[PDB]
Each structure stands twice: as structure tokens, then as C-alpha cells.
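Just below is one structure, and these are the notes that go with it.
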Amino acid sequence: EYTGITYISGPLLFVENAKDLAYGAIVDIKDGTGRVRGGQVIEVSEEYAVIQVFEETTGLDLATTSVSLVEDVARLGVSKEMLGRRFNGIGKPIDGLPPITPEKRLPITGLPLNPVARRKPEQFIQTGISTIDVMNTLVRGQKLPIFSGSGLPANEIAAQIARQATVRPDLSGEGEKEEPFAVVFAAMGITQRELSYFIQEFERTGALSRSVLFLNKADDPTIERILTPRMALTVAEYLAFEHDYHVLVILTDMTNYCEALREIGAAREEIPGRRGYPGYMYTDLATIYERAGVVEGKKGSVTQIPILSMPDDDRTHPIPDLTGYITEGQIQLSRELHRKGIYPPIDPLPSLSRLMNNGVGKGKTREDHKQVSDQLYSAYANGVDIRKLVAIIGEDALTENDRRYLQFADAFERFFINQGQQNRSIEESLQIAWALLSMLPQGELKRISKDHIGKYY
Amino acid sequence: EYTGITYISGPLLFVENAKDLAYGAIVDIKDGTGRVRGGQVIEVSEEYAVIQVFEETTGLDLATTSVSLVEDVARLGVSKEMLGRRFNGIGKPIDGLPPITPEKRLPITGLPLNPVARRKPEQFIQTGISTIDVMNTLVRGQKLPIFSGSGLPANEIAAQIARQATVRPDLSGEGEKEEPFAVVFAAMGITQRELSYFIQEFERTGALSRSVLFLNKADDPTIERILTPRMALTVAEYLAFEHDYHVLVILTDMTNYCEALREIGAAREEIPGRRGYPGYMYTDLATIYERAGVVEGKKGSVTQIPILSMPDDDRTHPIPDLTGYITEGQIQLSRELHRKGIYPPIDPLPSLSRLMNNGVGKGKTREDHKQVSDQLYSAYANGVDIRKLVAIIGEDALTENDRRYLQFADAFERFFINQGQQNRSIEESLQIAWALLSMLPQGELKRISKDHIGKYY
Amino acid sequence: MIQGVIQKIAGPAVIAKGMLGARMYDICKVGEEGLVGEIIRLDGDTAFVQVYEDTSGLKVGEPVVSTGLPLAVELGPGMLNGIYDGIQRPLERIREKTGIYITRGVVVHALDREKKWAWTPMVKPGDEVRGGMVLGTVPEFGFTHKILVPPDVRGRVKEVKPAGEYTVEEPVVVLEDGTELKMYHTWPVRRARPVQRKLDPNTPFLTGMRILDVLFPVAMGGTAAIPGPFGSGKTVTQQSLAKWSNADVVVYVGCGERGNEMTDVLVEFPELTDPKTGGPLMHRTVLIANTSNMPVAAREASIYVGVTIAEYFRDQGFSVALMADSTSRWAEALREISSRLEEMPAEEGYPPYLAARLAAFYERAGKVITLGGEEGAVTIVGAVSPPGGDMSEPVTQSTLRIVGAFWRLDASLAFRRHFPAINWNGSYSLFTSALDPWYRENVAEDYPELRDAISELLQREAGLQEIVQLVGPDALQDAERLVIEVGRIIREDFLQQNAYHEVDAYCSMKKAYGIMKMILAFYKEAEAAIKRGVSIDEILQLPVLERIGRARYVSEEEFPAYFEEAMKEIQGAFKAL
Amino acid sequence: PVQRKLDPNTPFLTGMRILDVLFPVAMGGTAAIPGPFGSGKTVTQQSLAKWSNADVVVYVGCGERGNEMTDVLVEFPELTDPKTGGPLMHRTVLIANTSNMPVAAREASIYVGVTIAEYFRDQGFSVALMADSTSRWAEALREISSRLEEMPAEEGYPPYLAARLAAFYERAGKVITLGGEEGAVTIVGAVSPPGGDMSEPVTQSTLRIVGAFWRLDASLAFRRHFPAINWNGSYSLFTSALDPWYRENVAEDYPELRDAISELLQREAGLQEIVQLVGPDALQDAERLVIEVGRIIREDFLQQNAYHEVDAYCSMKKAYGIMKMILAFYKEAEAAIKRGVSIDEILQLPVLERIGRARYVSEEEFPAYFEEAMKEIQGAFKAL
Amino acid sequence: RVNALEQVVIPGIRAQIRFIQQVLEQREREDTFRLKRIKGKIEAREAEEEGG
Ligand SMILES: Nc1ncnc2c1ncn2[C@@H]1O[C@H](COP(=O)(O)OP(=O)(O)O)[C@@H](O)[C@H]1O
Ligand SMILES: Nc1ncnc2c1ncn2[C@@H]1O[C@H](COP(=O)(O)OP(=O)(O)O)[C@@H](O)[C@H]1O
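Chains as they are written, first to last, in our numbering: chain A, 47 to 503; chain B, 47 to 503; chain C, 25 to 601; chain D, 4 to 387; chain E, 8 to 59.
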């Protein structure tokens, strides 16, 4: 609550006698007007300390600068009472409803659990789509990345399938007793426009009535921004991990994760190693895709989903490298795809959930899915060859057998991949594949077994 | 008097005992060998301050070092009295002829000018050649620096103007009643061979007349590479604006500029910023180049367009970067032609000035011109375009029509740039243009209108 | 404010002392002249002296006086028609009181205290006002310029003068508090204007550019951005933006715009036809241009200076349209802070205030309804100037994710025959999705269909483009030059728009809309011409093809019937051959 | 001290066919010696001191390593003196710099040279200076920058780049000394690009204020292309002030026919790309003309042994001389092979081999084949 | 073309990347060199502030 502030940079502020404080803390600071702002507790040395004002900066004076000690580490209140609440960045009551009932003020970062507990996520999951459930599904707790474009229909295709998602234990042989549906979404650096496109999907159909919001606009303060995700992130845990519910964490443009980052080191003196960024991102970032998985004994499992855009769609950047290193999959979007009108414009092989190849098929989703999942993959792409070779010979200039492998691709991207807002049940989604496969007389598919095709086909 | 010395070493000085001084002051530097120097009062401090020596502190010592604040802000002579005389970086008798008294010593710095004094460079001039007087057409008040690599015809061709530079009143409206010509040359690190060749272009054109320059030969200290500029750019503002002299001034060997510039970047204490060059470089090249543009209410216009050389074909060189923006327009040079024969070898593949498009075509010049330049531009582009695809696929491989495109490339270029001591008048130009366009009747010419197009067909 | 003097003299930024409560970001006074300073850092009693204009005439121990509050820009009638620096200072008055050059120290009111603007008070004496509410109707040409009650100055009116002529200093409205709601009202720049509420952008903006409003449009006050190498028309490309296009209120401001790159709209904008008021656009235009050589820090004022004026109008429900002449120069100044402040260099060699001052400033105002009554939006696009032109420069990305509908500026693009000179693919748009509503009705219920199926080619055509750069017309089949050339002409006459032509400088829906069909037909007929067997060879030299390319130059008047006459010659001079 | 500076006047030719013939230089002006490792540079100085134009001989091998000059230095004592006959030491002085010389023993070792040239020059004698790999010395100062905490500039180097260099070039040049006698100080520095680094600043700024430069292709150095020079990117500005002595002693139809030869390989590139893309046979008659022309324009001109008593020395007599021999073929083959006959028959022309002694022929008994076969060119070939 | 492509095309663009790269990676010269000096200042200031 002291005064005498020396050395002030932007939303930063130093204060002596910092032996009562400790890095990892925050308190509200008051200049002259007595305005209540804030500031994180950094460098608590003998001489002075380091604080980071919530707001941008304007409002710090030389005379007064006392501070009301909030709490070394602050954490929002957790509970099951948040089935439609709304919060931004830090995550404070903006939805109008009463301050969330605090159950336990857990650290926004409880770090990973016993690695011995962690199990392989293999509970099949639908998303109201075909292509994104057949060729590449998503297993419970599986941290699946989504390579998006920095200005692509991302923002949309994001929240689009968001609500579409629906967990189906039924097909496995269980009910929704221990398998509840919990939707958590948190963005950052959002345009005033977009900040409004979001709030829309929830209000659509029974979407917000079972979810909580979080998103620190880029114009907002850069402080809550970083942690912004960690909030509901650490909070989803109390859901599936503490009670055994089933949560879905979905990142959003880590552009923020790093832009915001730069400031921390840019001030903290944290020298940026490669690509002009902090020489300890891997680590700090790792702690991210760790909040997803499964433990021995608990069925409750939260599924994790990263989603970001590169600087110029360069995978050589951290934004991609990092992920493409810890994430168990890959799912990008191409200009091409969308240019023709494909929506969702999602490529084939370029996108795929690394660990959704085992949690499918027998018992899980559609027995024959086992081989069905690797059929349309090698079979489809096979046609993408006679797709750019028209100018070579022509339409009828090509054989029947291989030419046929063409009509497929077009009927495949236009109808199969571009599925817009539609919501295809995990089963309504598998059928389609079959249907398309009919192009080639029963006997041309070398991927699946004659057994399965000689039936579903 | 300031003897209280503190530090000496290189073009950098330091001394205490001076609790009074302002930014920018000419002092002296008595040495032990009886050799005094000047020195600018750069950044000042309470106890001491930063000194700026012109030449390298050779055989200098603090104990016997003596400074003397002569002025609180720079000025130097500034009358048109000394016309045709020889000076150096600084600006004083170095030709042998006794000194002379000026009018009023003023800071040649190059302060900013009102928005009313700024205007549109419509007053086109004859550049004694076509390449220019058509595509770019000289204009008093604009700025189109000359990109060069090394040894390139940066100087050789540059002279082409020294013999082929003259306005064209007759075509417009104003007469030769109130239009005096006064040149203010200013060198900054020039060779020995470059020394005499230039002067010999003053005796054959009649340039050695009416010239008040501050030659900075290469063997001159690098203190005058950015300093002389301000000195000279001001010997104009006095005769051009208040005396009505349409004074056109241009600098040479600006390849050494950024070097001296650079030193301050870090060799001082500040942040480099980009490509190893002073953060404020953008500005340091604004007050100087910004001193370009005609003036309304006063018939006095100064045209600046120095000539900077950049190692190898480097367009993104630290130099062209901001300079491009700064300068209204620009000109580009190609080695490919200066080594194959095309002489003068000049080609603005990207250079297309700025306000060259507005200032000729209707009235002063010939009706047809506005759509002409733009015509020749893309018209040629499409050409050489195949210059590559040609060297790849085959030799003749290509449709019979576009065949013409390339078939003329070599033409346009070879011929057009095959200019010589050719005075090439505004007209001798237009003609050629119509002589090369005749290879493909009104069909691809989608820039100019149907009338004008055939007009000179 | 605070009262003290220069404590420690330094190059262009000094150190004052005796400073108490010198809150961060505060206007002040330094030097016995008027080199107004700003508290840009604190250290107990001393604060880092900020110097706007270059200082070459000051001594060790001079003026040092703050304010106590975050600056203070004086907004009010009389700001229109007249030059004003990045500090709301009318250079007109400068040129008139100094001479041909710009003399420092000279600073006059930014509002018209002298001039008497016919003020009209309609505030019922006996009620309470709120900062942001209308105060009456002020005469100011063919448009409407109300006077917002300074925010938080909510009191209780008590009287109302007659409708005559009252300056921005005279009493125009009074309240029970000893205050007076003049034609002007004090408001800080570092702080935005509390409007009534936030609104969604569903209305597309038009400026004549057939590359924006056509397929790549934004919002009636959204956010956008466009780079520009060393001399890429980005500076002047702001002429036919607010002049030709509709803009409730125009506001031009540029960061350190090269005197020569700044004198491109300085005198041109003056003779601009106005479709509402009539004469020069200079009727609503403000002009806040800032030459580079201008005080390196002025380069900063410029911005935070045009941001609030755009608001003061927007709140009232004025879709203010502001455009920054090369937003990149602000950066060279902003990071220049470091050099003079020896601050711990942030990442990417630039300052840390990336997001803090990027997104905050790039989203300050944008399509927001307020107490005014109408819906005031804000559409602004800073054109980054990458030194090397590198698209991965701090300024490039720094604006990314923040502003949609990004665009690129190539080098041979405008130098050649392409205008605007932007990247074909590299330039995509996401606002056009929800921009269909307005289009559907205005244009047609199937317009987003005729425009999306075309972009289908413009971006799919690349399918061959690539193979082209892999071989050429050699191994061309029949669909081959189909697209290639199609897209080809599409950029020579369809895309390139001579903004420097008589009328083509602007094109409406029926204009934009039709053309996009002109070719289409040929395409349609091309599909059965060649497929039937017709050789593309005769198809190539079709005379009517030359007709489809003379459609850009036509006006909205002649256009309608003009194209319809060729729409017949088409099916006729093709199906035939 | 020099009464006054003076422009270019007397030509400078070391006795190298191409080196001289393409990029000659005058006493006033300098040039750099590009070239990575093994690049002629380090010992070319052993090819430019043996026999060339100048009276005094001064060599200062800046930051030169031990062996990069071991034999070089000790070899001099074996050289021939045009004045007496013995080693060049009979009028020369060695100012070499050993690699191991401390940084400062190298950052000055050079200044000794140019200041020596002047003394002799100041007396009225043309002096020649040619510093090998100047990349050593550079490093010297290029490093001290780090030592005393200097503040680096572009590409991780010291700020004092062409700072002194630039001026070093000015002093260079034939300048009438205030010593009564004009003199003639000539300067020629060898900048060696360590790793074949063109982007190198000691290479990019060196030719910012200097005369011309000579680019040595690393690869060309392989086929005994001594000197490892290259035309691709090599130009000369001092080739406009030497024409006076050119057409003055040699001949008048020489300063021109020479220029008309560079085009050979000039116009040759544009064809080369495809030449190498398809096959050296898919061309019309006039096409194959310059096809195998250039090959000889080097094989027997550019390619010379700096060690071959005869060849190693080729003055103007050797230049213009053979410079015309091929010419003939041009005018001859253009019709000869155009007479229905294919150039193939012209390819076997055992008459070509004779012209192949254009370098292996006694510098003295040179006019023996000059005129001799001279006729055999327009004669036997006048039939096809 | 196959061949060529394979020795000029392929290898033509290969060799490009290396040059770029090595300049691109080292490009982070300023990172260390600039920052190295940076620590000395921020700390020298805080290193001479505890000695005065
Ligand atoms: N609409 C346009 N079409 C073609 N050229 C234009 C257009 N607008 C501006 N230009 C040209 O671009 C040139 C250089 O751009 P400028 O705006 O001066 O630099 P910048 O905007 O990049 O800072 C101008 O000199 C002008 O000739
Ligand atoms: N011009 C030359 N081209 C190729 N080799 C040469 C040339 N001159 C001399 N040599 C031979 O190669 C050795 C080293 O060549 P040089 O290029 O001078 O050294 P460096 O290795 O430093 O490039 C000489 O000692 C000699 O044996």
C-alpha cells in the first residue's frame, strides 16, 4: 500500500519494500484521483518491486501511488453454477448475471497431473459433420490443433461446428449420466465486430445455456489477455476432472498468445531467442495442451482443441512449429478450398487427428469404420491427380477407370467437404462416404475389405 | 572558454565545466599542435556535454584541448555573391580565391515550409532526353532519386542532363521573363577521377557559371556527408523563394551519407532501428528531401533528387527504403544494359515518379500524352514478360500473337534506351513512341482512347 | 498543473524537476517559448520531459508546467475548411502571422472564438443534460453539425439565448452550476467518447473502388488496412476515397508524410465536387496532414488527434470516415522513443506497446450508435509503409488479426497498368460475408451469387496460372486459355480502374454489378462455342470482345443502355462463329 | 605532398592478355581483387610484380598468412630485374604483412606502402602498389571495434568502414608533386572475399569511390583459367583514358576490333542457357557461328600460364596480334559455312591448332606466325 | 526438362534457400548483439544506482 514510485514504464510500476510481495501476485494501485486500477507483482527485490497495471497506463502519479493488497495469487471462483455465464479476458461478470458462486479459488494454473495417470484418449466423438468425423474424428481429451488462416473464415467455421459437437456414449453402450456436455470457449484480440459475431452463435439454439465465455479483445488490456485462456482452462478441470463431467477446451488464434507474450519479455528483459520471441515458449506453451487427457479410474475427460493463424501461413513460425510438436494432429484451411465456395474449406490429408485413428471402428463408432476411415483417404486423394491434369489431355482424353476417379473429387469437395452450418450426426455423416464410393463399381476399392463394402457400399 | 577537458578519442568528444548551452552550437577546438577545429554542440548536459568534431581528432589531447562557443545555432554565409566559387563540405574558400561577405548567416538546416507554398509539379522541363521527358518527365518540385549499384552509369549518364537540361516555356504559357537559373551543387565523399570529370562538364555546358557549391571530396572527413546537404539546400531558399530564382539543386555520392548517418545510430548511444542504421534516419532524410516542391505566391521552386548508390541490385537497401516514400518519384538503373551496350543504360522498371502523371498532356504539352505514358508502360511489360518463359519452354514455342509481344521487347528497349548525346526534345520523344506502337494496331492498346490512339498512328 | 523548471538539460528531451503527481501522458509547458511537453515517465519528483517539436533554441532551466489531466483537445465549430497540424493547430494562421516558412512558438485557438456562428439553443431550461446529447442545430453548409454537451458535464439547464449569432466562446447554453454549454466542449484525446451502445456492422461502405465494395468490402465503420512500398500511391490513394465516396464526415491525417507526398491532396481536395453541399469537399473535410520533416513527435500527435474528432462527430450518429496517410511513419516515431529514452528494446526491434497502442487505437472508434440519435460509425485504414516493403515487418503483422479485409501492394502493379495495384489473392475479405444483406436488396437478391461465382474464377483460375509458370500455352487444351485470358482481361479492364479518369473514378452497383456480367455471357457462350467444337482461335479475335473492355469508362448514366446493346451483339458475334 | 592532383593519363598493363586487354587501368586509380580461397589473389601478386608497367616495386601483403606468402616473398629473390637482370630485389622492397602480425601490426603495415610509393613518385617515378587479401587487415580494425566497445553497423561489422579506405583511393593516382617533379603513384588493392562472399562490404563499399574492379570466378580458376577472372560481372572505367596510347603505338584498328570481341561471349550467354538446355547442335548456320567462337576467345586468350616464360608474359604485341587471327574466321566462316557446306568441315580445320600457339609462341619470335599463317586464314578457307 | 529441372530447377531453387537461410538465422545477430549491449545498460544503470 506504499508510495514513492520510481521507474515507471507504460502499465508498469515499481515500488520499494517489496519483501511483503512476491512474483506471481497482483494488487490494485491508486494514483492521485484514487482511481482503482491494478498491477502484477514482479521483481520484489530489496530496493524495489515490479508491478503491471491492468489498464494501459495513464493514471500513475509521483505524489501518491498507494496500493490495496488484493492477494499474491488471484483466481476466479469456480463452480457448476456457470452454464451460460459470460466473462472477458480476466473473466469478470459482464453477462449481467450475479458474480459466479466461488467453490474453490484454485490457481489458474494447477500444472499437469501425474503422468502415470494419463491414459490414451479414445472415446469417439461426433461434431455434426461428416469429413471431420469420418476421415478425422476427435477422441475425448485429445488435443487437436487447427491450422487456420489469418483472415480466413476461421472466426466462423470456428464457432460454427462449436455448438454442432455432441458427445455420443450411447453408440458405445453407455448413457449421459457421467457424460455431460460442457462447452467452454475463450478467444482474445477480437475486433469489436467479431466480439459481436461470437455472442451470436450461443444465443442461436440452446448454446449459451450450458457454457461460459472468455475473450480479451486486442484493444483491451494486454495483461489479462495472456492469462485469459488459463482462466476457464484451469476451470474446465473442476468440471470433468473434479466431478467427472466432460469438457471441451477450444483455443482461438494464439496470435494473442504470442503478441501479448512479446510484452512480457520485451519489458521483463526476457531475451527473445528464435523468431524474435521468448526463449522459453515451448515450456510455458506446453503447460497448455496438458490440461487434456484421462486418468486411471476417472471416466470424466476434457477434450482439448488448439486453433490459430500464422503470420503469412508459415509453418516455420513458432505459432505453428510449437503446436505441430505437442499437438496430436493437424487440421488447416486453404485459400483454394474456400475460393471455389467450399465451406468448410478444409483440405484432405493436410488435416487429421493423430489419435482418432484408434478410438473409431468396432465398438466405438460404426464397426466397419475401422477400414472406412483409411478408405476415403487414399482413395479420395488418388483422384486429386486427374484434377489438375485437364490441360494436359482433356476430359475424354483420359481413361474411364482413372477418369472416373475425377467426378468423385468434385462431388467430394463441393458436397462432401463444403457442409456449411449443416449438422450431420456421427451416423448421418458416415453414410455419405459410402454413397460417394458408389462411383467405382464394388471391387475397385483396395482400402476397405470386400466384407464391409459388399454390404454398406 | 572551455578547457576543462574530460574525454578525447575519434570524432567523438566530451567535456565538463559547461552548465550552459543549447542544442546545436559552433565551437572551436584548440589543440596542442596549434591546430584548432570547429565542433557542434550536439546533446548538452548539465556538468558536461557531447561535442561534434568535423575531422578526426588526430594528435589531440585533453589537457591542451580548447573549445570556444562561437554561436548558439549554425548559419554560414548565404548571399548569391559567391557564384561559381569552389568550397568544401563546410562551405568556405578552398579554391584559392579570397573570401567574401554574404548577406545574413542562416541555419541551412532546412526548416519546414507552409502548406500554401507546396504545389503540384506540373511545370515539366526538357531533360534533354526522351526516356525521361515522357515516362517520368522532369518536374520542378518533385523528387525521383536514382537507384544505382556499383560503378553503374550513376555518374556518367547523370551528366547527360548537365548538357540536356532546359525548361520548355514556349509550349506552355509563361515566357522567359522571370526565370533565373541558379545551381547549388554539394558533394559528400567524391573520388579524384570524379572530381575533374565533373568540372570539365561545367566548361562544356556552361555549368561552371552561376554555381554556389560545397564540394565534399571523398578525402573530406565524413562529418560533411549529412551536414553539407543542409548548408547547400539553403543557399537556394534565399535566392529562389525571396529572390524568385527557380533554383534546382541535387546532391551527389549519397552513397556515403548513410555511412556518416550510421555512426550516430549506435556509435553514439541510440538505437539502430533497421539494417544497422540510425533510428531517426527517416526524418534526417525528410527535412532535407522535403525541401522540394514549387511555391505559390513566390516564383521560387527547388527540385531535389540526389543519386544514391546501393551495393549490388539492392532495391530494399536501407537507403531506398524510406527514401522511396520520402521522394515523390524515382528512377531506376540496370547493370544488364550498362554492360551489354545500351548507353545511356537507364530503365525505371519500378520507377514511375509520383506527380509526373499530372502536369503534362493538356495545354503546355501535346494533347496525347496522359494516356500515352500509361500506354507504353503496360504495353511493354506484357512484352519482356516472356523474356523468361521463352528461355524455358523453347525458342519459338508460343502463340502467333503474343509472339509480337516479345518480338518487340528487344525493340522498345534496345532502341528507346539507345539514346546518346541526343538532346531528345519533348516531341522527338512522342514520335518514337508512336513508331514502336505501330507493331500491333489498336487492339492491345486498352489504355489510350480510340481517337488519340489512331491519332498518331 | 505543476510549476517548475528544467532540472537536467539533454539533447532534444530534457529532465524537469519539482514535479508532483505528474501523471503519465499529460500535456505541459517547457522552454520559455511554448515547446509544450508531455509527462511520458515518472521518477519520484522528476518526469521524463517530452518534446513534441524539434528543439534548437532552449536552455538548461526553462518552462515545465503540466495540466493534472490527460491532455485536452478543444473540439467545436470553426474547425472545418482550414489546415490543421497533428496538434489541431491551424497552419493557416501560422502562414498568415509568420511568413513563407513555418515558425514555431506560434499557437492560436483551434476553434473560432472570433467568428460568430449562428447558434441555436433548444435546451428546455429546467431539465438535466448528459455528455453526448444534442444541444441544437448549427448552420454549417449542406450538412448538420450539432454540439454535444461535454460528457460528465451533466447538470441542469436554466436559460437559452436567442437564435442569432454566437461564437464558440460566447454563451450559447447555460446550466445551473455556473457552467456554459458553448458551441465547443473540452475533451481529452487519450480517452474515447462514451456512446450509447455497441452496434453490429451489416452495412457495406462504398468509395468507387470496384475492388472493395464489389467483393472486397468492409463495414459502415469497421476496420481495415493496406501496406504500400516506397511510393505506392498509398498517399494519394486517399484522394478519391472521401471525395468521391460518401462520408458523413471526412477526416484526413497522416504521420510524417513527406512534404512532397503530403502536397498531393493539399490543394487538390480543395476543388472537389461535393454531391451534398455542392462546392469543394473542403466543406466537411478537416485536413490534418503531417509532413515527415514535421516535428518527429508531431508525427504522433497527428493520430491521437484525428481519432477523437472522428468520434466527436460519430457519437451524434455520424459515420465519420477517417484515413491515415501512411500509418507506418507513426511507428518510426513511436519506436524512435526508445533511442531518446534508452528504454529496454521490446521484441521485433520495436516498442512493446504493440497491442496496447495498436488494437486499442485501431479499434478506438468503429460503428457505434450514441446519444446523438443517429448511428455513428468509424471506418479508418492505415496504410503501412514497409521500408523494404517486406510484408513481414513489425507494422505488417502488428496490424494483423486486428483489422479484417487485408490487402497487399505489389511493385510492378501500379507501375504497370494495374490500378488499384494490390495483390490478387494475397488480398481476401471476410466482411463481405455479412455484407450481403445490403447488397442483396440494393444490388439484387442474387447479386452475391453473380459475384461469388466470378471470384470463383479469379481465384480458381490460378489452377492453371500455376501450370502456366510451369510450361505456358504450349500444352494448352480447350478449357485452358478459357480461364487464363478470361481472368486476364478481367484485370486489364475489369479490375484495373482508372481512378484518374473522368467518371470511371467511381462506379455504383448497377455499374459494378452489370459489368461483372458482360464477360459472363461470353463465358456462357464461350462454354458452348468451344465445347461444341468452336476453335478458341476465332473466339480470341472476336470484335465484340473489344466492346466488353470499353465498359469501365462508361458513366452510370450511359452505362445501363450502353452494355445492353452489346449484350445482344455477344450471343450474336459468337454463337455464330 | 603533391603540388596538385592530376587525372588519368598513362595506361597500366601488367602483361596479361585479358586482365589488361579488358580491364586496363591507369596510374590514377585503384581496383579490388575478389576471390574466395585459392583464388588467384594471394599469389596473383606474384603474377603482377614479375613483369608489368612501373619502375619501382612495392608490395605490402596486409594480414597475409605465413604460407600465403612463404614462397611469394622468398620467390621474389629469384625474380628478374628489367634494369640489371637478377631478382626484382635489385630495385624493389618487400612490405609484406604476416598473418600472425598482431591486429595493429597489420592495420598500419599497409600505410607504409602507399607512403613509400609517393616518395619515389614525388621524384618523378611511377610507383605500383598491390596489397593481397585485404580481408586480413580489415579484420584487424574490423575487430578492434569489438575490443574497445565500438558500436557495429551493418552486417555485424565496425562502423569505420570505407572511412579511411575511401581516402586511401584518392591519394592514389598520378599527381604532380609539390616536389618540382610530378611523379606517378599508382594504387591497386586486393580485397579477398573470405568465403566467396560477394555481399561482403569490403567488396560492396570498396568500389563505391574507386575506379574499376576485377571479379575472379571461383569455378573458372579450375580449368587453369589463370587469372581466375570473369567477365560476367567485371567492368572497367579506366578503359576510356588509355585509348590515346592504345591506337598510338599498337594500332588504330585494335581499340575497336577488341571491343567487337567482348560481344562474342556477351551475346553468347543468352544462347548458352538453352545451349546447355537442349544440345550444342540445334542451331542455324549463323547460329553456330559464335557457338564455338568464344571457347577460343579464351582457350587461347584468357587461359594463360603465369609461369610459362613465353605465355606468362604477353604485352600489347601478343594482344592485338592474335586479336585479329580469329577475326578472320568470323568473316570467313560466315560465308564459307554459308556456301552450303556445314561448319563441321570447318571444325576439323587443322588450321585452328596453329592459332592455338598464340600464347605458346616466343614473345619475340611472335611475328613469325602472326603474318605467316595470317594469310593461310583467308586463303585455304576461301574454298568451300 | 526432367533432367534439367532436376539439376537446375530443383538444385537452382535448393541453393537459393541456403543463402537466404544462413543470413536469416544469423540475422538474429542483432538479437544477441543488440540485446547483449542492452543488458549492460539496463543493469549498469541499476548497477551504478546501487553504488550511487
Ligand atoms: N489510384 C492510383 N492509381 C495509380 N497510381 C496511384 C494511385 N494513387 C496514387 N498513385 C501513385 O502512387 C505514387 C506513390 O505513392 P505515395 O502514395 O506517394 O507513397 P505511399 O502512399 O506509399 O507512402 C504516387 O506518386 C502516385 O503517382
Ligand atoms: N592467378 C592464379 N589462379 C590460380 N592459381 C594461382 C594463381 N596465381 C597463383 N596461383 C597458384 O595458387 C597458389 C595460391 O593462389 P592464390 O589464389 O594466390 O592464393 P589464395 O589461396 O589465398 O587464393 C599460388 O601460390 C600458386 O601456386
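Don't be surprised by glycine CBs; every beta carbon is placed ideally from N, CA and C.
{"query": "Rounded to a whole number of angstroms, what is the C-alpha to C-alpha distance between D:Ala289 and D:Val96?", "result": "54 Å"}
{"query": "Can you give me the start and stop residues for the beta strand (DSSP E) that B:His498 sits inside?", "result": "Element bounds for B:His498: not the beta strand (DSSP E) but the alpha helix (DSSP H), 496-501."}
{"query": "Look up B:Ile236 in the DSSP assignment and give the residues it is bridged to.", "result": "B:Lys263"}
{"query": "Measuring only the C-alpha atoms, how far is C:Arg308 from C:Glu366?", "result": "42 Å"}
{"query": "In whole angstroms, what separates the C-alpha of D:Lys327 from that of D:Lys321?", "result": "11 Å"}
{"query": "D:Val213 and D:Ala29: beta carbons closer than 8 Å?", "result": "no"}
{"query": "Per the DSSP calculation, C:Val89 is bridged to which residue(s)?", "result": "C:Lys53"}
{"query": "For A:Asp74, which beta-bridge partners are listed by DSSP?", "result": "A:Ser114"}
{"query": "Using only the alpha-carbon positions, how far apart do B:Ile203 and B:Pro390 sit?", "result": "6 Å"}
{"query": "Please say whether A:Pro158 and A:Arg186 have beta carbons closer to each other than 8 Å?", "result": "no"}
{"query": "What do you get for B:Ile171, buried or exposed, if any count of 16 or more other CB atoms within 10 angstroms of its CB means buried?", "result": "buried"}
{"query": "Between which two residues does the beta strand (DSSP E) containing B:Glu202 stretch?", "result": "Element bounds for B:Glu202: n/a, residue is neither H nor E."}
{"query": "Among A:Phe248, A:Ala313, A:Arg321, which has the Cα closest to the Cα of A:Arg131?", "result": "A:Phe248"}
{"query": "Count the other C-beta atoms from every protein chain shown that fall within 10 angstroms of the C-beta of E:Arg8, then say buried if there are 16 or more, exposed otherwise.", "result": "exposed"}
{"query": "Using a Cβ-based criterion (distance less than 7 Å to any ligand heavy atom), does E:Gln28 qualify as near ligand 2?", "result": "no"}
{"query": "Can we say the segment 351-363 of chain C touches the segment 299-307 of chain C, given the rule of at least three CB pairs closer than 8 Å?", "result": "no"}
{"query": "Mapping the DSSP letters down to three states, classify C:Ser256 as helix, strand or coil.", "result": "coil"}
{"query": "Let me know the beta strand (DSSP E) ranges lying completely inside the segment 68-119 of chain C, each 3 residues or longer, listed in chain order.", "result": "97-99"}
{"query": "Runs of 3 residues minimum, wholly inside the segment 395-483 of chain B: which ones carry the beta strand (DSSP E) assignment?", "result": "none"}
{"query": "Would the C-beta of B:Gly370 count as close to ligand 2, meaning under 7 Å from any of its heavy atoms?", "result": "no"}
{"query": "Let me know the secondary structure DSSP gives D:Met201 once reduced to three states.", "result": "coil"}
{"query": "Verify whether the separation of the beta carbon atoms of D:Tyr160 and D:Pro204 is less than 8 Å.", "result": "yes"}
{"query": "Should the segment 147-161 of chain B be called in touch with the segment 386-404 of chain B, which here means at least 3 C-beta pairs below 8 Å?", "result": "no"}
{"query": "Residues of chain E with CB under 8 Å from D:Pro155, in chain order?", "result": "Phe40"}
{"query": "What residues come near ligand 2, if near means a beta carbon less than 7 Å from any of its heavy atoms?", "result": "D:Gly38, D:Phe40, D:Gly41, D:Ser42, D:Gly43, D:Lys44, D:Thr45, D:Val46, D:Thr47, D:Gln49, D:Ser50, D:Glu71, D:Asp74, D:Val75, D:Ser136, D:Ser195, D:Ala224, D:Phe229, D:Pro230, D:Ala231, D:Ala309"}
{"query": "Just to confirm before moving on: does the CB-CB distance between D:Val46 and D:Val75 stay below 8 Å?", "result": "yes"}
{"query": "Please tell me whether B:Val73 has its Cβ less than 8 Å away from any Cβ of chain C.", "result": "no"}
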